[PDB]
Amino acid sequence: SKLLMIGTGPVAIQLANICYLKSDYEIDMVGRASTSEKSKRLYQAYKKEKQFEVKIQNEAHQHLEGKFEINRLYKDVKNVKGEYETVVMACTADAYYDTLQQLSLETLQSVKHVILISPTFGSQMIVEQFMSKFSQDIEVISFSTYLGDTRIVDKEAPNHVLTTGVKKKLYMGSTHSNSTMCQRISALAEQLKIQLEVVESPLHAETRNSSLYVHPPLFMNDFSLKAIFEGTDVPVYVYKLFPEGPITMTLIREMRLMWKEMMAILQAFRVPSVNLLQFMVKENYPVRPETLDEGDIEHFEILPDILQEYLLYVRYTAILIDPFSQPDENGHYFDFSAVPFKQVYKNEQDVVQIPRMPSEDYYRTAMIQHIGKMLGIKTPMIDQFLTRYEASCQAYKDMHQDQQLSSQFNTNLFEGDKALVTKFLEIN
């Protein structure tokens, strides 16, 4: 009956309000001032007010809103002590290992369940293999993604968060079949009015995330890496067609190729394949009936390569606008495509950061690449994605020797994650 919520961003906060209203757990949250001025302004803002607050936009999501208090906000992970039955990981997948390994032996030995909110493909294997040393029967649970969209409206008041939207459907898998904890989560989902499909494994869950297939080709190409690391003459956009954005036949082919590389890996783990087009269209954002044939969507996975590409391309063109929005008196629709690229930026101690896209995609792809070496599956598209990213990093270093850079510019990152995966797959 103690819960450790790792993270103090909007995800953590929304999830903590859920535990506060709907569970019997005492809640401890863990930030990291030692590393993060976001974390620090949050500690400070909670310290002052002694409340968190979730607001919502669409009154349909009432059941997620709340003002609430936590038992304890820890300032940094190293400060954690005592026993916790359940640990909720609400931070980036690339910090799972590095975070857990800073907990105390006692804390670690007490944990019965770790719950991964935004894991990548392989996260559970990493975490179950780490946590193994300390509990011979740890349960790990993976969700496919966070349940929605939650943001901070005032950077000045980060304890107050706004949940703008909730996913149509989530997936979840546990290292333990039908466990008590799975059922509690299911009944919890039922209560939140969020559809949740329970799948045979956490790895299966980790595959039901469209970003896994899409983000690497979208951000790990010359057009996108330029816009991120160097900048452009005029603004460009993530989802627009060249020259306004990177979307191109080449881009769509690299996406098909990455998606197929992944499906070879899913077959090796006997995890069912993902119909990426159906997923996109039926679970992410719809298109008009005129734009894509239902038959083509349904049978996507067995259609010719070129037609799979044609369909994906068409999908992205249909979404250049929101076709379901109200058009204006000139017949223009909401420019849904005009999402700018986040560029590399100096934090407040003049240290250069690489944004989440593509930092995190680097980690994702690095892990998939690694799993592939272990299984003897070639992944030449993935390799190429990693090479281009690594090349943009070295170029940044050579061209900005006078600047301080974060450790995201280093190599070879993720050794621990990779050793864990290697050990997990040697064992099974």
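The first residue of the shown sequence is 1; numbering continues from there.
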Mean C-alpha B factor from the entry: is it higher for 264-272 or for 311-319? 264-272
On mean C-alpha B-factor from the PDB entry, just flag whether 392-400 or 59-67 is the higher one. 59-67
At the C-alpha atoms, which of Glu244, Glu230, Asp76, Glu200 reaches the highest B-factor in this entry? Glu200
Would you mind checking which of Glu294, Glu254, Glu206, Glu156 has the top Cα temperature factor in the PDB entry? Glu156
Record-listed C-alpha B factor of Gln369: chain third: lowest
Chain-relative C-alpha B factor for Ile13 (record values, thirds): the lowest
Chain third (lowest, middle, highest) by recorded CA B-factor, residue given as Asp305: lowest
Assert third(CA B-factor, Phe134) within chain per record equals highest
For the chain shown, is the CA B-factor of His113 in the lowest, middle or highest third of its modelled residues? highest
